[PDB]
Amino acid sequence: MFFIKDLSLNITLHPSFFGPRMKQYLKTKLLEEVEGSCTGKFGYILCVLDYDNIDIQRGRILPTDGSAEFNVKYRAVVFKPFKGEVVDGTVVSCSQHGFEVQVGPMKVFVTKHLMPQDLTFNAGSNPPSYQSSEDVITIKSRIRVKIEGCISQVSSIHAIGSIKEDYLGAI
Amino acid sequence: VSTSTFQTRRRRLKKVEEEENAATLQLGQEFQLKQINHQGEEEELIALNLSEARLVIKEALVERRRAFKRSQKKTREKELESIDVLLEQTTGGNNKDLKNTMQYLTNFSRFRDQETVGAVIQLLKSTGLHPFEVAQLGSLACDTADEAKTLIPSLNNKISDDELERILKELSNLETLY
Amino acid sequence: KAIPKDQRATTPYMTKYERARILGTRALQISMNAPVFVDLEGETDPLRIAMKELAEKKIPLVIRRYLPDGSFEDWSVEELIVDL
Amino acid sequence: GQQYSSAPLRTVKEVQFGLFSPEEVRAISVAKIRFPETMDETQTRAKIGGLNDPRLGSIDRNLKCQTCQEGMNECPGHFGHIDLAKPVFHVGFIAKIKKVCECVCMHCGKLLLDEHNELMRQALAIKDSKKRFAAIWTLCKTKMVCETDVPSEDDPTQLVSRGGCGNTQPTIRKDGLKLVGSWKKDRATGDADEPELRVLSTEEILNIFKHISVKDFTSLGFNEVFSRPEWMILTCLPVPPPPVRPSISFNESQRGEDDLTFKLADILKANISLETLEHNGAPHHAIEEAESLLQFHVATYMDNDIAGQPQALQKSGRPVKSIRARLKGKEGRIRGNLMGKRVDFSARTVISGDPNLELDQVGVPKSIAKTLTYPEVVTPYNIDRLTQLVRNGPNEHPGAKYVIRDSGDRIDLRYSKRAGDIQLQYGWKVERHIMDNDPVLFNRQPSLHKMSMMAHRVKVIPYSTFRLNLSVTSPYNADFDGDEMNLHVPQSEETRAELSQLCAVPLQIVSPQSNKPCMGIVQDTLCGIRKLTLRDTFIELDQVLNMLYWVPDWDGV
Amino acid sequence: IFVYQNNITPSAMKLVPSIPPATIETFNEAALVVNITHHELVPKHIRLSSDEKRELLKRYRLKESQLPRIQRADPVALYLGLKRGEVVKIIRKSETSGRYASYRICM
Amino acid sequence: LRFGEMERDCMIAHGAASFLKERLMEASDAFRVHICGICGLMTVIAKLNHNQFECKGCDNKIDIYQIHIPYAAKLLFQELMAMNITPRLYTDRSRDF
Amino acid sequence: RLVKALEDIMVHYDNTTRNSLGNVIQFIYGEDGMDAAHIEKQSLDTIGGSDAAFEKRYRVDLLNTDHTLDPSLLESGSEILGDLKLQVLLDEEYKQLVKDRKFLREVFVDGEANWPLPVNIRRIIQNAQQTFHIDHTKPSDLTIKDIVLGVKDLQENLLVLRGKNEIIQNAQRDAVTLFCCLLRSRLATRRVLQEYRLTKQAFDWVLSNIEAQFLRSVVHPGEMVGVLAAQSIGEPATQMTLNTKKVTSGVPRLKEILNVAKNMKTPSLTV
Amino acid sequence: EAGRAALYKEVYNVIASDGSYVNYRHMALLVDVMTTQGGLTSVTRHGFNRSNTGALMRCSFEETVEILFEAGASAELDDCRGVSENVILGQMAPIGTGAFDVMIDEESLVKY
DNA sequence: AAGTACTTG
RNA sequence: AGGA
DNA sequence: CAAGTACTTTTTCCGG
Ligand SMILES: Nc1ncnc2c1ncn2[C@@H]1O[C@H](COP(=O)(O)CP(=O)(O)OP(=O)(O)O)[C@@H](O)[C@H]1O
Ligand SMILES: [Mg+2]
Ligand SMILES: [Zn+2]
Ligand SMILES: [Zn+2]
Ligand SMILES: [Zn+2]
């Protein structure tokens, strides 16, 4: 998982910033946009690497307004979750439907039907828990889950997982 | 505006196939083992493991603070509080993604140091496996070569049960304490 | 994909067209409260400032001259001559 | 003006032409377009789920578009569609459809001639997509039989089979909208004497065109992705949205629907006639009859100015205004709306000449400079001055008409309860009056010259004429006998530069046309300069002293 | 080269393409009476070898199409025995420069 | 007033590239359409108060751009499509030449 | 019609005249590469006159006692006499001037001497005279090597196409040919000395002025010659109408030409 | 090449008929424009407008719609290299002032 | 209509 | 219908 | 190979 992808944003600078602290604003405006971003195309963009060596290139001045468009060629750390990818995470929430698990930037939810039978909901616990013949999953519990599917949403790739299969479940 | 990559494919009119993505090593149209870095040159995919990843970000976020105080001139629970501070100095804080990620890594990391992570990277990157398989072995710990060949189904025939067992053995030996 | 500064063949002198666009562009910038690269010796008009900026050859602009085939030669206002 | 869109801005680098795929038309369509009823959902004024806004664009102006909530300006219009009861030829390709038949087999859909004929493999070698389809056609038009066996590229003794299909090919000729062929025949070796005269149906030609090989049609004019032959024959009709066919609604309860809105309703009507006719008790002749009518409507919608007479005149005597007609040159989309345009920031008045103006200056009346506006940006090197123009208002000459904030909201200095107390901010625009020494484009139609349009320095004067210098009469050609002239006002500090730096009158002094000056001294001066420069001419001290003062750049000597 | 008095029958004319790499040409005796080339209006036309042509295209940053053209049937093309794709360098006098060199590709 | 075809001529003769564009666009027509990147058509159902884009038919939601063109072109284009012709507009290249 | 046919034609940054496609119409705009305003109908002295007149104006013979330049013209006038090494240059000069005359008689077959060429050399020298205050009594501070060579080397800098290769370099030579015939005609030693009576500085200034003024006189890539030409023919046509052997001429003939009409009104042979 | 001569020789004699003067380079260009194609290319809707330039470019004169019909049908691609093609797209045409591009250079910018 | 282009006799 |  | 049929613009801008 977690990749190092080479990307490029096209930023348009108002001529008001045509001072020497321009490369500085441009580099800053990149991380304003790109860092903390989330596309289905590349996944969660988490960190722009090598701040010092980010390339600015020559900026084209735009025909009828002063603004100049630069193509910022850069490199960053991404996280694009896939189906079939087995991921370790910590539980967040727990309902009579299943339980959500935080995995790095994103949350993966496991239905009651995506867990075994033995493991069954218990409303009567602070906080709510899924109790098994040998185990118990509550709120802060450590779990290894298999992503069954991904739903590429707004500014968050959410997913659905399984702990029913062999070698999955609590850890 | 939005971010784009080096993959220049000119998909004129012809929309589809939108072929799915599984750990049957069928990754993206962005994540091919053959992906050209901006220098123009062909490069391989860079897949990081939890710890290989923590040490990449921790690194870039340190050198960012190194350039921020330059231009401004004119133990797990203990590393978690340490990192949560470095984010406040370098990142916009609005990047709640990186905050969780750094905690997730700091907790789920298999190897504490860039020397131990170095060693892991040798052992694995010899097998001749796709970087996604290689990362998933160093990312999460197994026991039966079956635990691995089942969680990383992409392997299966890719290696000897015995070989993977020897690698898995030497991985748990490199496993840095917490 | 470009031409190296040593293999350049285009007029070493600025064309009437380039001049009018560099002057226009700097004026359009100066007006949009852009940073003025010279001492405005009591100057108030951005085109008069852009003329001064160009006379002192203190304009930060580069003219990408495209050849018919596609490739181009990159030239600076500083490196161009002005007989116009 | 038009509100901020998060989309990345770009410029059109390529225009890839093609044909609409009946499958594409259906996808991209925000509605069909089931009713010839314009709207008036049971007479109750609003729109119907049939023609105009069955999810389309929007009328009412007070009704936000029912798809993209945008509405009116900002919203384009959303395309529609109508499934045609039977296929119909597109008026334009009518003869290319014919020419394609003249090239292919009317049964198997394979080229009548191929790589085995020498002249063919040679005509196939033409690189051009048109010149090659030109040769291919002339060659194949004469081949009246689909060949089963052809003598090999060696001997006349070994006749090897290419494509099969024996079939005797027709002799296609148009009958105005309709294609009718005449099959050679055979009866007792000869025949014709009396052949076979059957009309080729849109529906069959459609099917034949479907069967034409990619490699095949690709060697003819066509392309596999953008323009397949099968797309010259219409199955799905794109229904243009309101901004193309506007409802010019005079007063309240009075429709005002566009001509194309009628021709579409006419096509709708004609389709519902044919659809019911064939689903129900088919009187056969009455179908092939109501068919030909729908093929006609679709024709005269796109092109009403056809050979086969009927100009499908709108009941008022006046013919129906085709889409072809809409775009056809000198006025009409291309020549008159795109290549040439009616423009804002323009002035025209009677011209008179002044001998006390500089060559490069143009006298502009007080009204004309108070009318015309320049967008000055609140910069520190004017802030104070611009505030006084704003204080001056839009009725004093050196004044301003509007103040446009960063917030893109227009302040009308002419009314606005604040035109007195209005404190300007940097980055704002003050739409100020045209002032002395601003550049302008003075023009005199015809304009058969680079010199028939020149940049002049404004000089705001009294009296309702455009006063220009006399030595600049010769290039415009204009005299002062009831002569009128145009004047355009630049908007960009970049455009001002454009004018002053390349267009200016002193620049146009030496004409490239004839490598000689195009302006000179004329009339009063030309005659007086002869009079002044003879040996007989002598001037008294009194006058010399005045004449010397008259030269602006006199030394004092 | 074949010099024919009045005509060459369609029968014989079929044999012109028959023997490549060798090439055959037909010139009517009556056309050859006067030399066109010698005329006031006709300038110097010069054949370009593959080497020269490739260089001309490299130097002017061209495509074979982008070059001005000469017909294969052009009186001068026939005279010099131009083949399709061959380039001619045209040297005319000039009231502007003195000498001007143009190039025409054969189609 | 009319900035006629004839008047566009001499503007081109002058070299006044920007001023001619400015005349045709800013002092007239000047529209902002949203075009799809797959099929270069004005099929974009740009709900720009919500930054939702989309060109159904192309299934798109990502490859969409904005363009500034005369309202008459926007029209001509719609008029051409109304007649089964596709003027697909692309903000990229392919031929190079 | 013209305007529509020619719109897309302009001079690019390679000084080549091309269209929408980029196909070459002309390799150098107007066979010379000069802007049309910068030209003046100058006179080629070398072309006309008697073969004897020619000799009297251009021939310098340091070997002949009566064909040397008298020491009233230059200072070296006494010590210059006989020098075989120098007479190589004045023989070199006179032989190139001869070549020119024979070449100009090749171009202008009628012998017309008045041709439009950039840089008014007459006016450069005229204006040099009042600038430096030329005394047509005192002798010049030039050497034969100063005049002969200075000219040779000004010719090097008269750049139109810039490229370094035989195609472009041999094409530069072509686009510049005629102006040099004029430059050599007006800057030959005997002319400079007897007629112009130029000093050293005066001459050195003349050269740098011709050079700089020439470099100005060239066309600006971007120059829209399609529309220019179309208008420079289209406007004159309109003034044959707004005013008023026997062959069809003017507005109707021009129509036949542009249309490339097969059936002319007055087909006429001239033998 | 002799046809070019006869072309200018005639074109020029039409202008010089009135007495008026036009600089070689203009008629020479037009004559050279007609000529280049390979033979005499009439300044008519069935000569130059029938050549292979732009589509929108060609359409802006005489066969407007008719040209556009063949455009869609043979799937013509537009260069947008032509003057007219940009005028129709509201793009700064690649002529005179727009025949090159302007860029800021952070190097020269921080130097001043 | 003038001029040409096209296919048809 | 009119104007240069 | 011959007429015959088929086709397109014809200056620019500016009040019932
Ligand atoms: N139909 C037209 N199209 C274009 N320009 C026209 C025109 N009619 C007239 N003009 C212009 O207007 C002028 C002629 O107007 P007229 O009524 O004839 C007075 P005039 O004949 O010019 O006085 P003159 O005898 O001193 O020449 C010309 O300069 C011409 O360019
Ligand atoms: Mg008049
Ligand atoms: Zn809408
Ligand atoms: Zn068949
Ligand atoms: Zn689309």
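General observations
- Scanning region A:34-70 for residues that are facing chain B (nearest Cβ under 7 Å), at positive phi and not acidic (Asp, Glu) yields one hit, A:36.
- Selected residue (criterion: surrounded by the fewest Cβ atoms within 10 Å (Cβ to Cβ)) from residues of region D:460-477 that are on the phi < 0 side of the Ramachandran plot and among the hydroxyl-bearing types (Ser, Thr, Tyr): D:464
- Qualifying residues in region D:25-47 (those that are surrounded by fewer than 22 Cβ atoms within 10 Å (Cβ to Cβ) and outside any loop (DSSP other than H, G, I, E, B)) - the one farthest from the other protein chains (Cβ to nearest Cβ): D:44
- Check on residue G:64, under 21 Å from the mean Cα position of the chain (by Cα) and more than 7 Å from every other protein chain (Cβ to nearest Cβ): no
- Filtered residues of region C:41-84 (kept if among the polar types (S, T, N, Q) and touching an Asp or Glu at 6+ places or on another chain (Cβ under 8 Å)): C:76
- Taking the listed residues D:208, D:212, D:233, the one that is touching a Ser or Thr at 6+ places or on another chain (Cβ under 7 Å), aliphatic (A, V, I, L, M) and either closer than 28 Å to residue D:83 by Cβ or crowded, with 21+ Cβ neighbours inside 10 Å (or both) is D:233, with no other qualifying.
- Of the candidates D:13, D:64, D:47, the single residue that is under 22 Å from residue F:47 (Cβ atoms) and more than 12 Å from ligand 3 (Cβ to nearest atom) is D:47.
- Some residue of region B:53-64 being over 16 Å from the mean Cα position of the chain (by Cα) and of a type in the set (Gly, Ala, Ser): no
- Among residues of region D:420-453, those that are within 16 Å of ligand 2 (Cβ to nearest atom) and not in a loop (DSSP other than H, G, I, E, B), counted: 3
- Matching residues, region G:226-249, being within 9 Å of chain H (Cβ to nearest Cβ) and over 29 Å from residue G:35 (Cβ atoms): G:243, G:249
- Filter result for residue G:152 (closer than 12 Å to residue G:183 by Cα and under 18 Å from the mean Cα position of the chain (by Cα)): yes
- If you go through region B:131-153 and keep only what is surrounded by fewer than 19 Cβ atoms within 10 Å (Cβ to Cβ) and not in a helix (DSSP H, G or I), you end up with B:141, B:143, B:144, B:153.
- In the set E:52, E:40, only one residue is among the acidic types (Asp, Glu) and at the interface with chain H (Cβ under 10 Å from one of its Cβ atoms); that residue is E:40.
- Selection within region B:38-57 - within 10 Å of chain A (Cβ to nearest Cβ) and either surrounded by 16 or more Cβ atoms within 10 Å (Cβ to Cβ) or acidic (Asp, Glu) (or both): B:43, B:45, B:46, B:47, B:48, B:49, B:50, B:52, B:53, B:54, B:56, B:57
- Among the residues of region H:1-58, those that are touching a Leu at 6+ places or on another chain (Cβ under 8 Å), of a type in the set (A, V, I, L, M, F, W, C) and more than 7 Å from every other protein chain (Cβ to nearest Cβ) comprise H:7, H:31, H:34.
- When restricted to residues that are within 14 Å of chain G (Cβ to nearest Cβ) and either β-branched (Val, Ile, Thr) or farther than 27 Å from residue C:15 by Cβ (or both), region D:482-538 contains 2.
- Of the residues making up region A:1-37, those that are under 24 Å from residue B:36 (Cβ atoms) and assigned to a strand (DSSP E or B) are A:3, A:4, A:5, A:6, A:7, A:8, A:9, A:10, A:11.
- Breaking point among (1) in contact with a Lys or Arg (Cβ under 9 Å, 6 or more places away or on another chain); (2) of a type outside the set (A, V, I, L, M, F, W, C); (3) closer than 25 Å to residue G:78 by Cα; (4) surrounded by fewer than 16 Cβ atoms within 10 Å (Cβ to Cβ), for residue G:166: (3)
- Among the criteria (1) farther than 21 Å from residue G:196 by Cα; (2) touching a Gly at 6+ places or on another chain (Cβ under 8 Å), the one residue G:48 does not fulfil is (1).
- Any chance residue A:73 is crowded, with 20+ Cβ neighbours inside 10 Å, of a type in the set (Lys, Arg) and within 9 Å of another protein chain (Cβ to nearest Cβ): no
- Taking region B:1-13 as the range and being surrounded by 11 or more Cβ atoms within 10 Å (Cβ to Cβ) and within 9 Å of another protein chain (Cβ to nearest Cβ) as the test, the residues that pass are B:1, B:2, B:3, B:4, B:5, B:6, B:11, B:12, B:13.
- One residue from A:134, A:148, A:165, A:100 being in a loop (DSSP other than H, G, I, E, B) and closer than 25 Å to residue B:152 by Cα: A:165
- Selection from region H:62-101 of residues that are within 29 Å of residue D:305 (Cβ to Cβ), in a loop (DSSP other than H, G, I, E, B) and either facing chain F (nearest Cβ under 10 Å) or in contact with a strand residue (DSSP E or B) (Cβ under 7 Å, 6 or more places away or on another chain) (or both): H:75, H:76, H:88, H:89
- Of residues in region E:15-36 being in contact with a strand residue (DSSP E or B) (Cβ under 8 Å, 6 or more places away or on another chain) and either within 11 Å of chain H (Cβ to nearest Cβ) or not in a strand (DSSP E or B) (or both), the one nearest to residue H:3 (Cα to Cα): E:32
- Scope region B:105-130; condition charged (D, E, K, R) and surrounded by 17 or more Cβ atoms within 10 Å (Cβ to Cβ); matching residues: B:110, B:112
- Condition broken by residue D:430, with the remaining ones in (1) within 16 Å of DNA strand K (Cβ to nearest atom); (2) away from chain F (no Cβ under 14 Å) satisfied: (1)
- Complete set of residues in region E:59-86 that are surrounded by fewer than 19 Cβ atoms within 10 Å (Cβ to Cβ), more than 14 Å from chain G (Cβ to nearest Cβ) and outside any loop (DSSP other than H, G, I, E, B): E:75, E:78, E:79, E:80
- Every residue from region G:225-271 that is over 30 Å from residue H:94 (Cα atoms), of a type outside the set (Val, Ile, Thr) and within 16 Å of ligand 1 (Cβ to nearest atom): G:239, G:240, G:242, G:243
Cβ coordinates were reconstructed from backbone atoms using ideal geometry, including for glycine residues, and neighbour counts include every protein chain displayed. Values quoted throughout were computed directly from the atomic coordinates according to the rules given, and no laboratory measurement underlies them.
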